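See structure below.
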Amino acid sequence: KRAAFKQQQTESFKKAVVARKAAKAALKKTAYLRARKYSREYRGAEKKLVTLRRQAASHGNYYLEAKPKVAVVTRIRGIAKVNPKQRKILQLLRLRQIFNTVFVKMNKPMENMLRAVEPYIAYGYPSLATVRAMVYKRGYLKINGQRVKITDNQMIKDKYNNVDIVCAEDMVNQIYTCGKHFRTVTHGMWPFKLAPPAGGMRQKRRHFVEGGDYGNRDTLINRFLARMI
Amino acid sequence: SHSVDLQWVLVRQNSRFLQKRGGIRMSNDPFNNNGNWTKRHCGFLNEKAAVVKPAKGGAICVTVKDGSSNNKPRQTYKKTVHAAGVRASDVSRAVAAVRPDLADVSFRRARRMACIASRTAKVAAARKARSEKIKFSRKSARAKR
Amino acid sequence: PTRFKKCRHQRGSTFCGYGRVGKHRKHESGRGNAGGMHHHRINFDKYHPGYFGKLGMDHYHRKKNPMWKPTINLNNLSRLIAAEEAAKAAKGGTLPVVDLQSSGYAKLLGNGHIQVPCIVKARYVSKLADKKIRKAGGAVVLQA
Amino acid sequence: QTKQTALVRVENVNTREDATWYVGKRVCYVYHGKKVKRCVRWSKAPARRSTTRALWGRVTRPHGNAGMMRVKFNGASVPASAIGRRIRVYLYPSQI
Amino acid sequence: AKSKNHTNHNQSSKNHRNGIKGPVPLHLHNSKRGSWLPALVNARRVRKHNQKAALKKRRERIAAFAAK
Amino acid sequence: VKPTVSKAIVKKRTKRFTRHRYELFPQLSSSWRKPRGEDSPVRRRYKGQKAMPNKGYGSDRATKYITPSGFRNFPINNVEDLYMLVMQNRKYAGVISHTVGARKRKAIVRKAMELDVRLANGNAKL
Amino acid sequence: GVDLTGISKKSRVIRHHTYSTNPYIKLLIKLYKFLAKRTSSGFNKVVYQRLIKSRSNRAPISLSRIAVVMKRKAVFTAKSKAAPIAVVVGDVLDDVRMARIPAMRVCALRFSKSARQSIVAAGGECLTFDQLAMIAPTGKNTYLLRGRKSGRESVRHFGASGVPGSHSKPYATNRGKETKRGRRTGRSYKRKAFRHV
Amino acid sequence: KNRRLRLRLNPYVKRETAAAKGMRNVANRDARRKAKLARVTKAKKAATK
RNA sequence: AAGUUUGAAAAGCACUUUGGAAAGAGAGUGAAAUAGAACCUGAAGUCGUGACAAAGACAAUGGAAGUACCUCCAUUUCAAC
RNA sequence: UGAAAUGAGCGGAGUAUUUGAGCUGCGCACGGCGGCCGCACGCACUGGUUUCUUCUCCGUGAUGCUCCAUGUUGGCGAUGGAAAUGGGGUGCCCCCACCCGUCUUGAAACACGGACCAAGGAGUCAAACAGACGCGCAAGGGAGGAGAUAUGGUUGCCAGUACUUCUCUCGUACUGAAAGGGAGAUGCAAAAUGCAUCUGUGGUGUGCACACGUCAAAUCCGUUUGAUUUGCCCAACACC
RNA sequence: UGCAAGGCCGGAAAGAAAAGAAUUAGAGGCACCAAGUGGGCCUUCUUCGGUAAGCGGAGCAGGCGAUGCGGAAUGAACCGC
RNA sequence: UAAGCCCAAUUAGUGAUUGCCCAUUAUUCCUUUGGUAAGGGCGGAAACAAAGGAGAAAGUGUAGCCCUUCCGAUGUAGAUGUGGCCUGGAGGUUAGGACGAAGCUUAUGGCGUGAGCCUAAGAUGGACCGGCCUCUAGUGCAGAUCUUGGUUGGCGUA
Ligand SMILES: [K+]
Ligand SMILES: [K+]
Ligand SMILES: [Mg+2]
Ligand SMILES: [Mg+2]
Ligand SMILES: [Mg+2]
Ligand SMILES: [Mg+2]
Ligand SMILES: [Mg+2]
Ligand SMILES: [Mg+2]
Ligand SMILES: [Mg+2]
Ligand SMILES: [Mg+2]
Ligand SMILES: [Mg+2]
Ligand SMILES: [Mg+2]
Ligand SMILES: [Mg+2]
Ligand SMILES: [Mg+2]
Ligand SMILES: [Mg+2]
Ligand SMILES: [Mg+2]
Ligand SMILES: [Mg+2]
Ligand SMILES: [Mg+2]
Ligand SMILES: [Mg+2]
Ligand SMILES: [Mg+2]
Ligand SMILES: [Mg+2]
Ligand SMILES: [Mg+2]
Ligand SMILES: [Mg+2]
Ligand SMILES: [Mg+2]
Ligand SMILES: [Mg+2]
Ligand SMILES: [Mg+2]
Ligand SMILES: [Mg+2]
Ligand SMILES: [Mg+2]
Ligand SMILES: [Mg+2]
Ligand SMILES: [Mg+2]
Ligand SMILES: [Mg+2]
Ligand SMILES: [Mg+2]
Ligand SMILES: [Mg+2]
Ligand SMILES: [Mg+2]
Ligand SMILES: [Mg+2]
Ligand SMILES: [Mg+2]
Ligand SMILES: [Mg+2]
Ligand code: NA
Ligand code: NA
């Protein structure tokens with residue numbers, strides 16, 4: 001019949017199965033609640049901005065928008081004929097391959113880093129849909145040094161070990177709002193590897209202002225990425 | 001004295017029972033139930049072993065080494081013969097009484113022996129039927145002593 | 001064995017690891033120790049300083065036998081004392097007698113701490129060795 | 001050239017929308033050999049025995065803007081001796 | 001014949017291939033050899049006192065641990 | 001005996017890697033030799049030239065070494081060698097060595113038919 | 001097409017098998033590979049890694065060094081606690097300079113005859129690594145030791161002896177040769193004994 | 001685009017698509033447009049007074 | 001330079017026929033005669049012949065993918081399959 | 001082709017859950033005028049209304065360590081000088097495609113060697129040294145040359161194997177040109193060879209494991225896996 | 001009791017706040033033994049001699065050499081990769 | 001009424017923001033190979049004759065223990081590795097051969113990424129010889145105005 005150590009393993013595995021199902025249910029409920037809260041926060045923030053703009057326009061004033069805090073950066077040139085400073089900057093940006101895409105904080109250090117590699121990278125200000133699409137379709141985590149596709153919230157919770165980041169919507173919120181754990185989330189992910197933009201580019205050798213591709217194109221980066229994603 | 005691990009390290013690369021033909025490492029060890037050249041199947045090497053053998057009459061013989069007489073080569077292996085029609089599970093239990101890690105292969109080998117006996121009988125019958133119509137100019141008969 | 005050399009690995013390489021440009025020529029730098037002061041100066045200077053020049057007096061007919069003077073330290077005297085001799089040895093009692101010249105030593109040196117006290121017969125001794133061996137309850141006996 | 005894909009120009013198909021309508025349709029190239037070889041219904045329909053052979057393919061996607069189509073034949077590619085020759089584009093499989 | 005005289009063309013690339021190594025830190029290889037002699041002698045005397053003090057403290061710690 | 005069914009056998013390349021320009025000189029064997037010429041267009045990988053073997057052409061390990069019958073070849077020299085393949089008769093087939101004579105081959109073939117052991121070159125019958 | 005420049009500089013030379021042909025070393029490697037994989041303790045991992053190493057990197061250790069470090073551990077060790085097992089993954093060699101040693105339990109790959117005799121005579125025990133695995137599978141209450149390699153003549157010969165600050169021995173069969181030009185100030189210069197770094 | 005994976009990552013995606021369907025509703029959209037225009041125009045006209 | 005290394009044994013091709021002869025065609029010895037004499041095996045290269053594949057002039061060769069035709073080859077199937 | 005279907009998708013059960021959009025309460029926030037007047041409908045009450053919109057809950061471990069084995073409808077296959085598939089040949093079509101080896105910044109070169117084939121043809125052996133790795137012993141290691149005797153035997157195996165050196169050599173100690181001198185620790189101390197003891201890292205900084213706890217995370221609740229405090233610190237590095 | 005230097009004992013430690021307030025496909029150090037190479041050429045930009053040169057000579061950096069592939073009809077180096 | 005030049009666009013003041021073609025590039029799928037590789041299983045769970053099967057090795061490296069999962073793959077000179085291939089001998093160990101051994105021939109197939117290995121057929125041969133572990137070397141040819149031998153177009157030509 002069944003050996004003693006086999007029976008002990010059977011009991012332990014039964015307990016493990018029960019615990020795993022309970023943990024899956026709890027994580028699902030927590031993720032649902034967090035996603036609801038983030039959705040309501042986003043909608044409220046947009047409505048608040050709309051009302052502020054309307055109040056400004058009503059009395060002849062202007063509304064200055066908040067300077068964007070996050071930029072999404074993609075490499076649009078190959079790896080040939082790169083000067084050492086640009087090569088080092090692109091290595092620090094984890095943009096080692098063409099159409100590699102990352103999120104960075106739009107502050108003075110990073111802004112001056114991006115100014116020196118502008119001919120190589122097209123960048124701009126991501127929308128919520130862009131962040132969600134990249135995380136859901138192109139999102140990969142660094143797990144034991146391996147590039148592992150995000151398929152469940154349990155792996156996210158195991159990767160980050162942070163109460164603030166237990167699901168994909170926590171990652172989307174941290175990236176989009178530049179939260180306390182922005183660097184943790186973005187560094188925990190593998191650099192995004194995108195397809196070429198379906199429909200073609202304009203000109204990789206010219207700035208977007210000149211009719212090319214390589215500049216800061218503000219929120220127009222979203223159409224470019226939507227074709228790339 | 002000298003453990004099975006040490007002997008296996010000594011003989012894994014070079015041995016008379018290892019048959020490296022092509023790139024396949026088989027084993028013509030008579031106490032190997034499988035023909036694979038592994039430490040588990042080397043019946044000539046392990047302290048205890050059990051190998052399923054054919055017997056005359058379609059019977060199955062189980063050869064067992066116990067490790068009690070491993071220093072007496074003519075007393076090392078004791079043969080037990082199972083009458084024809086024996087369940088392969090009974091042979092599997094006879095083997096597993098000495099080595100539980102050879103139960104599945106011993107069951108498969110006992111069933112294989114039964115199939116081999118039945119097919120050998122059929123092929124012999126067919127050959128005898130074919131031979132009844134040949135002239136056979138020469139026939140050799142061994143003398144009796 | 002010939003089957004382990006780089007020659008076997010280089011069959012079909014056409015150059016055997018000497019290059020297409022420099023090639024393998026007979027003596028591209030001279031023979032032996034040539035040029036130690038010209039075109040091999042850096043190698044000699046950084047790897048064999050002191051190689052050139054003269055130093056010291058000459059000794060025309062040098063004989064090693066008169067100069068024979070091997071030495072042993074105090075903390076190595078157990079190598080000459082046997083096991084039961086070492087076990088039965090203490091200050092004020094019967095001590096093993098060590099004959100240095102029969103054991104192949106001429107001078108007794110004083111490095112370390114003597115473990116088992118003993119009477120040492122030596123041709124030579126340092127002052128520190130003599131002082132220490134007397135302080136430990138042993139002695140040194142001069143011999144020729 | 002890459003011979004695993006072939007380009008077929010069909011009469012009265014001069015727009016990418018028409019070629020899209022033809023995506024997935026079966027495609028046949030009919031020729032003849034020198035001998036009479038095996039065929040479908042060789043035994044059932046001995047009247048089909050002939051030197052005539054056929055290579056079958058399907059329309060994979062439109063090509064360009066002017067009604068050209070990309071065709072891939074089953075396994076082997078279509079021979080270059082068919083360049084400039086007739087191609088049969090049937091109306092099946094039917095989506096309408 | 002005439003050849004090229006001098007260039008530094010590939011030399012920075014070669015220097016950075018194994019990188020320009022950072023300096024040995026200040027706490028390593030801080031030898032005082034060649035420094036101002038009176039200060040070195042005074043510091044040597046202080047260090048000898050400190051070695052005596054360290055031996056004394058170790059003996060006291062062993063004694064305290066044994067007594068406990 | 002029937003061989004064990006495996007995944008469909010896929011060969012990355014059927015043509016052999018033959019030595020460069022061996023058809024022009026009768027003394028050159030077709031056996032592959034790595035071109036080490038400085039200007040060699042095969043070594044430099046020009047588009048219209050023949051290819052060089054590399055690790056990417058290696059066969060799928062699941063179906064590697066499997067003959068078209070589905071079995072794997074094991075050289076066999078006498079009757080006693082048949083019993084090594086008895087338990088694995090659906091995986092290995094016996095290949096009688098070329099230098100085994102017709103007499104011992106008759107013995108081997110008879111025993112292999114009795115044992116239901118496939119022979120790759122055991123002629124005729126079944 | 002990924003810009004991986006110097007990625008091969010990151011790779012280090014890691015060996016997972018032994019060059020040793022000794023079958024008993026193979027058995028120990030098997031045992032401690034299993035132990036390091038299946039037990040959480042870092043002692044087993046270090047022991048397996050050292051068993052993989054080469055002969056030059058498993059340097060011998062004297063018996064006197066073991067006695068000194070074990071005494072240094074014995075003070076500040078509670079008298080109730082038993083003394084640790086000294087574990088060396090090389091050879092243990094006797095030391096004629098230390099006649100009196102305590103009763104120590106020493107585990108080593110090999111003992112010299114004199115070292116084994118000394119340990120047994122002092123009241124201690126020479127342990128074998130499989131005995132250690134049976135009596136301490138995790139490595140609890142052990143003293144893992146290494147031999148000294150800084151005093152080997154190969155190390156004393158490493159580096160150029162002609163650069164300033166260098167005190168390496170030259171490769172010279174004759175000692176009286178190579179003593180004049182770069183060695184004495186009177187022979188036009190002397191290699192400086194010290195150099196700030 | 002995969003329902004299994006999208007729902008696994010975001011359990012709240014059912015409510016979001018329900019709200020999207022509500023917004024796409026023609027009667028709902030037209031009523032909302034009329035109400036929004038009236039409401040915003042009234043608010044602006046009151047604000048400028 | 002050159003192994004006289006035919007064959008177990010000369011049993012070293014009697015005899016007939018054409019040919020001036022050399023030889024040929026038969027016959028015979030031999031287990032073998034493309035074992036016939038400085039003769040065991042008899043390679044490559046080159047050449048002859050019969051059959052077949054065709055093929056302008058793209059020097060030829062070569063790669064990749066098909067197809068026509070052939071295949072003394074390798075497998076698998078032939079029936080509730 | 002269900003040999004594990006994880007499914008908003010396959011089952012079971014409920015007519016509901018709660019998303020959003022409308023309308024709207026209180027306070028705050030925001031705007032204007034400088035406390036009021038406005039609030040486009042922002043935040044908290046996870047506010048109210050359900051007028052429109054919407055699927056809502058549960059659910060199966062592996063007692064499968066691994067690999068391989070499962071539909072439908074026709075055609076072709078009924079032992080055939082068969083069918084089929086895969087290999088080989090030869091020709092053709094479309095496309096692709098400069099002559100090899102070499103020196104050279106640069107070769108298809110109007111740079112050199114290149115009619116064919118067979119056989120042959122080029123990092124070897126010895127000695128000194130050193131480094132890596134494998135062995136054996138280790139404060140010791142090892143010969144060598146010779147001896148004896150199994151063998152004072154045997155055609156030959158056997159020119160091998162077996163055995164022994166108060167020796168020799170390398171090392172355990174360096175240094176000076178030489179004369180010739182020659183290295184432990186601690187304590188008390190301050191003697192131009194000080195004295196006492198001998199279970200001992202000369203000291204400091206950084207430093208595996210181990211021991212002691214203390215934290216955080218994940219836990220099948222047994223633990224593991226990352227710190228990190230203290231002690232000892234091995235090996236190593238640095239300063240004395 | 002001040003200063004200087006070695007220590008010892010305690011304290012406090014956003015482990016480095018907020019102000020755009022870094023980032024990293026960030027294992028840091030330490031050796032040992034050796035090979036080829038030591039004729040270079042081209043290019044953006046800067047530059048010297050020369051009327052100039054597909055000339056001679058330098059600086060920063062990319063290439064070719066050592067490298068094909070896709071483009072500029074063709075071209076070591078141009079564009080893309 | 002460009003198929004030229006300078007500007008613009010993407011099916012056109014219609015109702016929104018991807019015309020189309022081509023890479024050894026990008027994304028993705030399959031397979032190979034190597035990691036500074038990352039993990040799981042390995043105490044045979046129980047049962048099971050013939051007239052669901054087989055395997056399961058504590059392992060650098062093989063036909064790799066087995067499975068899962070990531071990442072990288074070009075390269076002269078040059079280095080290194082390879083239970084990587086091949087040749088003549090030596091210790092071993094297993095075989096084979098007059099019912100045909102080595103040599104030789106091939107539209108003669110199979111296996112291997114390859115060096116190569118194996119089978120088949122000789123209407124070839126007529127006596128030796130294969131596999132595996134280890135030891136050993138006069139151990140691999142396409143070219144050196146290479147050596148020797150033979151052949152050869154020029155040529156039935158001068
Ligand atoms: K020939
Ligand atoms: K063809
Ligand atoms: Mg373009
Ligand atoms: Mg450019
Ligand atoms: Mg069982
Ligand atoms: Mg060559
Ligand atoms: Mg070399
Ligand atoms: Mg040179
Ligand atoms: Mg003088
Ligand atoms: Mg120069
Ligand atoms: Mg092949
Ligand atoms: Mg070149
Ligand atoms: Mg043959
Ligand atoms: Mg030393
Ligand atoms: Mg001759
Ligand atoms: Mg006859
Ligand atoms: Mg013949
Ligand atoms: Mg002949
Ligand atoms: Mg449902
Ligand atoms: Mg040359
Ligand atoms: Mg030139
Ligand atoms: Mg050339
Ligand atoms: Mg020219
Ligand atoms: Mg020349
Ligand atoms: Mg001797
Ligand atoms: Mg010394
Ligand atoms: Mg800050
Ligand atoms: Mg040169
Ligand atoms: Mg020039
Ligand atoms: Mg060059
Ligand atoms: Mg062009
Ligand atoms: Mg090379
Ligand atoms: Mg030879
Ligand atoms: Mg041919
Ligand atoms: Mg040779
Ligand atoms: Mg040759
Ligand atoms: Mg001629
Ligand atoms: Na012919
Ligand atoms: Na000696």
Side-chain angles (χ1 to χ4, degrees), chain A residues 6 12 15-17 44 47-48 51 54-55 78 81 83 92 99 107-109 144 146-147 161 195-196 198-199 227, chain B residues 14 16 20 23-24 38-39 87-89 101 111 114-115 118, chain C residues 2 7 11 19 56-57 109 111-113 126-127 131, chain D residues 1 3 33 40 64-65 76-77 79-81 83, chain E residues 28 43 46-47 50-51 54, chain F residues 4-5 23-24 27 32 37 45 48 50 53 55-58 60 65 67-69 77 99 101-103 121, chain G residues 1 11-12 14 16-17 19 21 34 40 43 46 68 71-73 76 93 112 142 144-146 171, chain H residues 3-4 7 15 18-19 22 25 28 32 35 40 43 46-47:
Chain A
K6 285 292 188 183
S12 298
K15 290 164 169 294
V17 168
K47 292 179 178 185
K48 177 199 185 63
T51 298
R54 285 205 271 249
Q55 292 179 347
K81 298 187 175 183
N83 292 3
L92 294 177
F99 303 136
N107 49 25
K108 169 109 75 179
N144 305 324
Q146 297 192 339
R147 181 175 172 262
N161 304 319
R227 295 182 299 119
Chain B
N14 52 96
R16 77 119 304 172
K20 291 173 47 179
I24 299 96
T38 73
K39 192 216 299 182
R87 281 148 41 87
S89 296
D101 57 337
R111 177 175 26 140
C115 301
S118 59
Chain C
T2 60
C7 171
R11 277 282 186 258
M57 289 149 22
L109 297 180
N111 176 45
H113 173 43
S126 57
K127 35 189 171 301
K131 170 180 280 189
Chain D
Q1 73 181 11
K3 292 178 77 174
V40 177
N65 290 322
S77 64
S81 60
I83 291 181
Chain E
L28 249 45
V46 174
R47 263 185 279 101
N50 282 345
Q51 177 162 339
Chain F
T4 170
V5 183
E23 318 89 350
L24 293 183
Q27 77 180 336
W32 168 255
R45 310 178 310 274
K50 59 183 51 173
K55 69 264 183 177
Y57 291 97
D60 186 0
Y65 299 111
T67 72
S69 66
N77 312 317
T99 53
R103 196 187 61 249
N121 56 333
Chain G
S11 150
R12 298 170 181 241
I14 312 302
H16 301 291
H17 72 293
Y19 294 144
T21 62
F34 173 88
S40 70
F43 169 84
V46 180
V68 170
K71 188 57 178 301
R72 276 268 172 161
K73 178 87 81 173
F76 314 118
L93 311 184
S112 71
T142 55
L144 187 56
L145 292 169
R146 271 183 285 202
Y171 293 122
Chain H
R3 320 211 302 274
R4 286 158 65 184
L7 184 63
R15 310 296 185 180
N25 194 272
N28 286 13
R32 197 201 96 90
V40 171

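In the text below, chain A, chain B and the rest are named by the order of the sequence lines, each starting its count at 1.
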Does a side-chain N or O from [X] land closer than 4.0 Å to OP1 or OP2 of [N], or not?
X	N	result
A:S12	J:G222	no
F:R103	L:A98	yes
G:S11	L:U36	yes
A:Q55	J:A40	no

As a test of reading the structure: which of [options] is closest to the side chain of [X], going by heavy atoms?
X	options	result
A:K15	J:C221, J:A178, I:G66	J:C221
A:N107	J:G7, J:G38, K:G20	K:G20
A:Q146	J:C133, L:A58, L:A38	L:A38
G:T21	J:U53, J:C135, J:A183	J:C135
A:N144	L:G112, L:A101, L:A38	L:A38
A:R147	L:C71, L:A49, I:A65	L:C71
H:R4	J:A8, L:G114, J:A139	J:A8
E:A54	K:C79, J:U204, K:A5	J:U204

Ring stacking, G:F76 with base of J:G231, under 5.5 Å and under 30°? no
For L:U60, is there a stacking contact with G:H16, counting only centres under 5.5 Å and planes under 30°? no
Taking syn as within 90° of 0 and anti otherwise, name the glycosidic form of [N].
N	answer
K:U51	anti
K:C33	anti
J:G123	syn
K:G6	anti
J:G91	anti

Protein within reach of the bases, or only the backbone? For [range], mark each nucleotide 5' to 3' as B, S or -, using heavy atoms under 4.0 Å.
range	value
nucleotides 206-211 of chain J	--BBBS
nucleotides 15-23 of chain L	--BBBSSS-
nucleotides 54-60 of chain J	-SS---S

If each of A:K108 and E:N50 is mapped to the nucleotide of RNA chain K with the nearest heavy atom, which maps nearer the 5' terminus, i.e. the 5' end? E:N50
Tell me every residue that passes ring-ring contact (aromatic ring centres under 6.0 Å, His included) with [X], counting only those two or more places apart in sequence or in another chain.
X	answer
C:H113	none
F:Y65	none
G:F34	none

Watson-Crick or G-U pair, [N] and [M], both under 3.5 Å:
N	M	result
I:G26	I:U17	no
J:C174	K:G50	no
J:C23	J:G48	yes
L:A98	L:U145	no
L:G19	I:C81	no
J:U172	J:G231	no

Quick one: list whatever passes side-chain hydrogen bond (donor to acceptor under 3.5 Å, both in side chains) with F:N77, sequence neighbours left out. F:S97
Applying side-chain hydrogen bond (donor to acceptor under 3.5 Å, both in side chains) to B:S89 and not counting sequence neighbours gives none
Kindly write out the residues that satisfy salt bridge (charged side-chain N to carboxylate O under 4.0 Å, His left out) with G:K71, not counting sequence neighbours, or none if the list is empty. none
Among all residues two or more places apart in sequence or in another chain, which pass the salt bridge (charged side-chain N to carboxylate O under 4.0 Å, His left out) test with A:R147? none
Please name the nucleotide paired to [N] by Watson-Crick or G-U wobble geometry with both distances under 3.5 Å, or report none.
N	answer
L:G44	none
J:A185	J:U197
J:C36	J:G32

Taking the P atom of each, how far is L:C141 from L:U93, in whole Å? 34 Å
Tell me, please, which residues at least two apart from H:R32 pass side chain to side chain contact (heavy atoms under 4.5 Å, CB included). H:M23, H:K36
Stacked, yes or no: L:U31 with L:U32, six-ring centres under 5.5 Å, planes under 30°? yes
Take the six-membered rings of bases L:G140 and L:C141, measure centre-to-centre distance and interplanar angle, and say whether these fall under 5.5 Å and 30° respectively. no
Of F:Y57 and F:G101, the one whose closest RNA chain L nucleotide lies more 5': F:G101
Measure all distances between protein nitrogen or oxygen atoms and nitrogen or oxygen atoms of nucleotides 24-27 of chain K, and list the pairs falling under 3.5 Å.
from, atom 1, to, atom 2, distance (Å)
K:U24, OP2, A:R183, NE, 2.9
K:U24, OP2, A:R183, NH2, 3.1
K:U24, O4', A:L92, O, 3.1
K:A25, OP1, A:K142, NZ, 2.9
K:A25, OP1, A:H187, NE2, 3.4
K:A25, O3', G:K10, NZ, 2.9
K:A25, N6, A:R94, O, 2.4
K:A25, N6, A:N100, OD1, 2.9
K:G26, OP1, A:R96, NH2, 2.3
K:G26, OP2, G:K10, NZ, 2.4
K:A27, OP1, G:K10, NZ, 3.4
K:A27, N7, G:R12, NE, 3.3

